[PDB]
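In what follows, a structure is listed as structure tokens, so that the remarks can point back to it.
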Amino acid sequence: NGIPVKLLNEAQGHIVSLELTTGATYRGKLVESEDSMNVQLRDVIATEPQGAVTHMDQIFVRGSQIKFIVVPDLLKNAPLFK
Amino acid sequence: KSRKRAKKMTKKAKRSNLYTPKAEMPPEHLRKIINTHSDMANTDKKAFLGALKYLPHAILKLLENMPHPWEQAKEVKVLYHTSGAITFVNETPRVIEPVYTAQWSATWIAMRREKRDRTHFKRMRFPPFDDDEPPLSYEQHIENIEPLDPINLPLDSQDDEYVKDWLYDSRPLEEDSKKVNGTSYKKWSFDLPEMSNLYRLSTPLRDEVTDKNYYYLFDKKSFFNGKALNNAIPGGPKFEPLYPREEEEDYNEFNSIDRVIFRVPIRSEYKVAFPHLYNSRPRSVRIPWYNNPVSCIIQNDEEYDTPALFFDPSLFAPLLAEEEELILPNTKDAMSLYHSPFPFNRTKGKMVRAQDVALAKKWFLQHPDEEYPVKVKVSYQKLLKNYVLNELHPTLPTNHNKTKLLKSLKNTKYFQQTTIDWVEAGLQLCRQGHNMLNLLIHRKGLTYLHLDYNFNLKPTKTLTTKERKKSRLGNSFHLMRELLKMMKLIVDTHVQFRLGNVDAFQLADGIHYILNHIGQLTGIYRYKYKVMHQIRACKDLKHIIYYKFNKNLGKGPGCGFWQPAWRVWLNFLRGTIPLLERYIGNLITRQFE
Amino acid sequence: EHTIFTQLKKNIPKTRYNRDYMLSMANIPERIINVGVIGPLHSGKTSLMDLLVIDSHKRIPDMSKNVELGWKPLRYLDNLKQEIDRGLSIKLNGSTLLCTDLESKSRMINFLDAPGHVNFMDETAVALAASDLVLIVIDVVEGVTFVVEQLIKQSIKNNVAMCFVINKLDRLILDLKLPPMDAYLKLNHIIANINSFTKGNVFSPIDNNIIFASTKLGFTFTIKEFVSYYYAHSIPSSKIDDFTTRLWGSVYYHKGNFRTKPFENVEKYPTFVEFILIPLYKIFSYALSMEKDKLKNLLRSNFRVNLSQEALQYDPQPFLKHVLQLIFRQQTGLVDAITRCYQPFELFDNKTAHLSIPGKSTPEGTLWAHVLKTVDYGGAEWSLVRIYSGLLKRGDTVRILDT
RNA sequence: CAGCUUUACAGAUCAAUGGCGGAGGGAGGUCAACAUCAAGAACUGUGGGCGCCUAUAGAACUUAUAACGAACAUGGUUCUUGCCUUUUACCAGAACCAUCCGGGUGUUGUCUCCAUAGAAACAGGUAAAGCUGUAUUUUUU
RNA sequence: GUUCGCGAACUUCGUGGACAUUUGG
Ligand SMILES: Nc1nc2c(ncn2[C@@H]2O[C@H](COP(=O)(O)OP(=O)(O)OP(=O)(O)O)[C@@H](O)[C@H]2O)c(=O)[nH]1
């Protein structure tokens, strides 16, 4: 199975950042993730590609349309890789 | 390379220069020496005098290398003085412990069979030879008829296939292989089937019921608790009270008759099981265990791995799929082995003295008291007490240099390591012992009294008060004499066995008689009465054996299994040797300080 | 301030996972299962906890040679003289550990090892109060006793998620010497009993709730775990859940790659018996009985785990234990099962209400925490406290109530 | 059926760099002499060898606990039973030292079986051993 | 093993006690 998927799963709880194909960055507590990166997030801000930002509650995103996910730097340490 | 060489040199010449290891000489030479000594009949050299100091140790060593019923002749290594004196055994005896147990079990079985068979079992008469005369023997023994069939039961090829080729042998065997370290014989390893076989063989002897719960209130901790509460268990032992029995309750506001309700009887049994609750003021009382219950099945049938006596319930290949059929041919008994007590649950171990390997212990810890006679029960209790006290006060040693090895090394005048028949060695010791006694006597006031060759000292004639005063001598000397006599008796039985007009079964039986009757056959108790404790212990052991032995219709004089008694004797000897040695030293250093 | 902390850290066993990570995780809820390991007297829950501890740590201080070999347990949470001398775990002397799952989602778990013995329900009760999940543990053999039923009843009341641990399979393989079929039947019966004891939830090896264990030897598995280790090799990924489902219950599997028809033809032994229990039995036999080389070969082939040179020269019980540890790995399966069990947090609110009346919480403006039990962990007194809401920092000036 | 390392090699040039060490044995024996002994070894010190191993020595704390030894005998002082009185010699219980009988660990030597190079690899080829591997909504048709 | 007592067919089985020793001549 995919180690990036595993990492994503681990990041559950933590405040992940998240850009899509559209280029609309989010940042929030990662509620749930699946094998396909079907992310849910809480307390989430939402930047438009142009500039403006909008607060929102419980966003769902489908991994297909996700581009890249930033996880907190604590997860670097352990305990997924070995 | 040069540097390395230099280093090596430094390592070498700084401390401990090469003392040459002396060769193993012929027994013929030893015999010749002995003969010469005999011819000589006193010399009173200094070296000779010095060597005499270590006779009780020698005796002890000899005793330790007793040939077991399964062994024809214990061929044994020996140190011996240039004169032909103090000719004592070198090697320590030792054994693969489960193997040893198996052997013992086999012997027991054989004995039982013999009992079943023979009607008029002729017991051995003691003392075996004419004490008035000096019937010793060497040459005769050497060129005697074939040492007749010793005690080993006949094994079938089906069941005990893996052992029968090696089981009954000197060392014992499995001595030259991958299954041991080597001839030094310190670490033993095993495969399964052989181990299983050994276990099976044992069962007759060591059926210790190892449901840890069986020993509820018969664990050493429990016994300790009992001791330090002045409390008992019908089957368990009893002691002096360990603290002063000073009650004086004075029926207070608390603990009155009309305050408390005497509903439970509050027996002794409870007080140790819950030391801190039922007993008030538990000084130095260890916390006992509290374990879970056992579900098990142990059987002797053809079929395996089935519900026998349980209650019945209500209603790509998987990864091993005909690699196997779920039961291999050994796994029937593998499981049993796994379940077992110490020796066998392990397939490797360290070897132990055979004066270790207590085969009694497990019987006299096993809470028997139902349908036995009272004497037996008493004996068991005594045994427990003996054990328990020992457990309570252990002992710690440290760095030391052993005497035999020292003599081998530094001493001239010694020749060393002549492989003698053990019986021959014993005989020599007996002779030498006798000589030593005579020498001692000579050194003291030269007496009217003379030794029997079987050591029973007695006056020749001319009995007076002055004479008595002169020739009271020490208790130590008499103890020594007694010890010598004992050795002779055991040695003499072996001698008898070696010659005709005897049996191997009789040999073991004779040995048993000797050991389990010191009190009858020779009084040490007269001179050292702590030997009486030992004697008592031996008696108890004998008692335990006899009931255990004679469950079947057999009841009479024939029964070997001398092991525990022998062990006890060895222990006693060990306890006593040092004092004896000291005494001897004192005697020799009479003129000087 | 820091020096003291450093010193404290030093006087401690170095954990295999980094404790920093655990700490970080703890800063987030929902990554913290609080687990009460509970059961009857001598279930082997303490032993199980010991296994977990072993898995966690690199090398333990008072882990003797004998214990390492696998003779005596090393009940790592027995602690105080009383308990080691006595045999019984007596007080709630728990442990906290990070644990990866099947699919390695780490999660910092706050295990509390109950006492079994019935006169210490106090500690058990405390554990229940603390712990949002409870690993009930049961002796296979002793079965679901009345005690266990009572526990179950008084874990539904609390309330809590109930993973079960059918511990002591060795006892039915080696002590009872049940045939494999018989063993399976017994297990089924036990499961049924458990279900009966329960009101609402059904428990089974499928749906990750049963955890089959033998702590003496020291293996736990769930069925999913087993599949992961030893049946990904031989099946395509899509049909793994299905396979798992098939595994338990009145189901049979005939020579057909890959069906698996419920029932049936000629030689019986069900899916569970064929793909699990039977395998276990074989392992046991081989471990004890077989020529060692052949066993090794088998383990290279059928499990891809290598009996080392030093391990080969072991005695049986130890050797067997070693084998089983090699097979079923450092117990992730159990953790996974636990995770599956705990809803999570639908229950938690209810539990909190039960503890302290129904109502509504306040996260930021305050913190509150149940001081559960005073203890004597490091000689001196501590209060084992559970923080329900807020975050309680060191030195903080704090309100309290004896209840 | 693909790849990388690791040995046997052919014949290389030949660096090159790695690794191999620039070579020092492996066994055992009722062979010794010497230390050092519950295992621990935390934490510190001070070495080799890289927030960490390996040796050392220093206490801490461990439990010792059941088993340096699945073993158990014997002395002595003191206290207390009890023989009783006296000597041994003991009865039967404590406390603290000692005594044997055995034991491992490494250090070294010495004595009988098993061995056996003085270098090898680069570039790939041959042979074996070890790990990783099918398009219709979430990844690459 | 050695004595004394009691139960069953002097003799033997089932059994309850008691069984140091020398210096002080
Ligand atoms: N045969 C067998 N024995 C086991 C097994 N698990 C544990 N035991 C043994 O049975 C006892 C139970 O283990 P413990 O850890 O003492 O039980 P516990 O969890 O401490 O019980 P509490 O003290 O009441 O909590 C121990 O003596 C174990 O060695 C098993 O799976 N098979």
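Taking the alpha-carbon centroid of each part, what is the distance from the range A:1-65 to the range C:318-365 in angstrom? Each part reduced to its Cα centre gives a spacing of 26 Å. Remark: mean inter-chain Cβ contacts per residue of C:279-291 equal 6, using a 10 Å Cβ-Cβ cutoff to other protein chain atoms. Listed from fewest to most Cβ neighbours within 10 Å, the set B:461, B:555, B:115 follows the order B:461, B:555, B:115. For residue B:212 and residue A:48, a Förster radius of 56 Å and the Cβ-Cβ distance give a FRET efficiency of 0.15, rounded to the nearest 0.05.
Note on residue A:76: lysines with a C-alpha under 23 Å away, same-chain residues under 8 apart excluded, are A:6, A:29, A:67, C:9, C:14, C:58, C:105. Per-residue Cβ neighbour counts within 10 Å put B:363, B:108, B:562, C:382 in the sequence C:382, B:363, B:108, B:562, beginning with the fewest. Proximity of backbone amide H atoms, modeled 1.01 Å from N, is registered between residue A:45 and A:27, A:56 at under 5 Å, excluding neighbours fewer than 5 places apart on the same chain. Neighbouring Cβ atoms from other chains, within 10 Å of the Cβ of residues in C:174-186, number 5 on average. Shielding of peptide B:280-292 by partners, expressed as the average count of other chain Cβ atoms within 10 Å per residue Cβ, is 3. I'd like the FRET efficiency for residue C:2 and residue C:329, computed as 1/(1 + (r/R0)^6) with the beta carbon distance as r and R0 of 60 Å, rounded to 0.05. The pair residue C:2/residue C:329 has a calculated efficiency of 0.95. Phi angles across the range C:292-304 convert, under the Karplus curve 6.51 cos²θ - 1.76 cosθ + 1.60 with θ = phi - 60°, into 3J(HN,Hα) values of 5, 4, 4, 4, 4, 4, 4, 5, 6, 5, 8, 10, 6 Hz, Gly and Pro given as x.
Tell me the relative contact order for chain A as a rounded percent, counting alpha carbon contacts under 8 Å between residues six or more apart. Taking the mean separation of contacting Cα pairs over the length of chain A, I get 31 percent. Farthest towards the positive end of the charge dipole of the range B:391-484, among the residues B:393, B:432, B:477, is the Cα of B:477, using unit charges on the Cβ of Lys, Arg, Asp and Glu. Highest mean packing comes first when the peptides C:22-29, B:339-346 are listed by Cβ atoms within 10 Å, giving B:339-346, C:22-29. Residues whose amide H falls under 5 Å from that of residue C:106, counting only those 5 or more places apart or on a different chain, are C:101, with hydrogens built in the peptide plane.
Return the FRET efficiency for the residue pair residue B:400, residue B:146: r is the Cβ-Cβ distance, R0 is 56 Å, and the value is rounded to the nearest 0.05. With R0 = 56 Å, the Cβ-Cβ based efficiency is 0.85. When the charge dipole of chain A is built from unit charges on Cβ atoms (+1 for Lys and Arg, -1 for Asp and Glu) and taken about the Cα centre, the candidate among A:79, A:44, A:22 whose Cα reaches farthest toward its positive end is A:79. Given +1 at the Cβ of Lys and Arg, -1 at the Cβ of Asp and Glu and no other charges, the dipole of the range C:196-308 around its Cα centre is 200 debye to the nearest 20.
The residues neighbouring residue C:252, those whose beta-carbon lies less than 14 Å from its own, together hold a net charge of +2 under the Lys/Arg +1, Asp/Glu -1 convention.
Considering only DSSP beta bridges where both residues belong to the range C:1-114, give the percentage that are antiparallel (nearest 5). Of all bridge pairs located within the range C:1-114, approximately 55 percent are antiparallel. Computed from phi, the 3J(HN,Hα) profile of the range C:61-68 under the Karplus parametrisation 6.51, -1.76, 1.60 (θ = phi - 60°) reads x, 8, 4, 4, 6, 4, 5, 4 Hz, with x in place of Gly and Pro. Think of each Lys and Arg Cβ as +1 and each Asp and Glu Cβ as -1; about the Cα centre, that makes the dipole of chain B roughly 4640 debye. Spin-label model, residue B:286/residue B:301: points 7 Å from Cα along the beta carbon direction are separated by 4.1 nm. Placing a label point 7 Å from the Cα of residue B:159 along the Cα-to-Cβ direction, the residues of the range B:295-330 whose backbone N falls under 16 Å from that point are B:299-303.
Expressed to the nearest 5 percent, the antiparallel share of DSSP beta bridges inside the protein assembly as shown is 70 percent. Amide H contacts of residue C:371 (H built 1.01 Å from N, in plane; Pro and chain starts excluded): C:386 sit under 5 Å, all sequence-distant by 5 or more or on other chains. The 3J(HN,Hα) values that the Karplus relation (6.51, -1.76, 1.60; θ = phi - 60°) gives for the range C:343-351 are, in residue order, 2, x, 6, 6, 5, 4, 4, 4, 4 Hz. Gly and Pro appear as x. Listed cross-link partners B:178/B:361; B:350/C:321; B:350/B:485; B:488/B:530; C:168/C:268 are compared with a 27 Å cut-off, the Cα-Cα value being larger for B:178/B:361; B:350/B:485. Model label sites at residue B:308 and residue C:82, defined 7 Å from Cα along the beta-carbon direction, differ in position by 4.2 nm. The order of B:332, C:239, going from fewest to most other C-beta atoms within 10 Å of their C-beta, is C:239, B:332.
Summarising the label geometry, the points placed 7 Å from Cα in the beta-carbon direction at residue C:368 and residue C:240 lie 4.3 nm from one another.
So basically every Cβ, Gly included, is an ideal-geometry build from the backbone, and we count neighbours across all protein chains shown. Bear in mind that the values in this text are calculations on the coordinates, not laboratory data.
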